[PDB]
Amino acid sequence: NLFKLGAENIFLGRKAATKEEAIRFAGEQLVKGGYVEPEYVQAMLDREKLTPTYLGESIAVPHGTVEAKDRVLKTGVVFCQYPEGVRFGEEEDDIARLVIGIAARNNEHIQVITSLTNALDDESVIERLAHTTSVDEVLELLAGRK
């Protein structure tokens, strides 16, 4: 697969009042897993200010600005579940329950987004992912990705 997924980068049952909080958490986990340098966290926050990374269907995919390309050490993701949701889009009902922090090498974030959206094209699967308490079930459900 394009990126690894396991208990080390799956975070369930999180809560956040704001998307800045969820983004920072995702960024911190990308730093901790060796995917990016610490400067990438602010790059994710800066990128969000330019335009929201909500993708519709309760999913948001925060990632770094193009200027932060060299802060990415290796491609990876952090899957973060917010069962109560976090507003990510422009409007108040633009809520994300799945916040997947993305770091692809060479600014190729769209390739990781595309893998994820190709795999997460079922309403019912997204619903199960937003509430499951099992890391193994997350792994099963995202097993078809590129």
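Numbering starts at 1 and runs along the sequence shown.
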Worksheet entry | Stretch exceeding the other in mean C-alpha B-factor - 21-29, 123-131 | 123-131
Worksheet entry | Average Cα temperature factor in the PDB entry - higher stretch of 84-92, 39-47 | 84-92
Discussion item. Between 118, 65, 106, 53, which one tops the list for Cα B-factor in this entry?
Written reply: 118
Discussion item. What third of the chain does residue 138 rank in for C-alpha temperature factor, lowest, middle or highest?
Written reply: middle
